[PDB]
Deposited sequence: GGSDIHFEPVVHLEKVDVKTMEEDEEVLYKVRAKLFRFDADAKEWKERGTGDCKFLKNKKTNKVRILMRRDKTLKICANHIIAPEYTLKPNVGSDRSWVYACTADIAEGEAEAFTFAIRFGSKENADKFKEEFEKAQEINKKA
């Protein structure tokens, strides 16, 4: 005998490339928050679905919140491939915090697919 020499508990329902914006109310200006893969993650133990989005390269979190059933996706005046909605608790940057998010995609086709996945996940969080 010779001797020899935190998204793991979750399930990916939907993944899409996107650019995330937050609205700076004080400057009446949209500011980019990150670009990367937006994921809907289903917790196997609670069945609660969240959005988790990380920036390319640095992999830093730019969105992390439940897809609340109360939220509503709304169009933006300047885009046929984005959605605007209010988020009451995102924890991408430490303490919970409310934001008016906008998320944009590569095509109107991906934008519409995101919306139906967003709605399917909303009902899943209703049941649980």
Any chance you could give me the deposited-sequence numbering of all the stretches lacking C-alphas?
1 to 5, 11 to 20
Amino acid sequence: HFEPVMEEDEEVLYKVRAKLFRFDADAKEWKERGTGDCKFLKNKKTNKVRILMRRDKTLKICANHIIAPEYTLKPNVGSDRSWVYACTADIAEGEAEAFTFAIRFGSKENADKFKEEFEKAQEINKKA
From here on, numbers count along this sequence of modelled residues.
116 to 124 set against 100 to 108, stretch whose average Cα temperature factor tops the other in the entry:
116 to 124
Can you tell me whether 35 to 43 has a higher mean C-alpha B factor than 87 to 95 in this record, or the other way round?
87 to 95
Residue with maximal Cα B-factor (values as given in the PDB entry) among 81, 65, 54, 48
48
Considering only modelled residues of the same chain, in which third does the CA B-factor of residue 27 rank: lowest, middle or highest?
highest
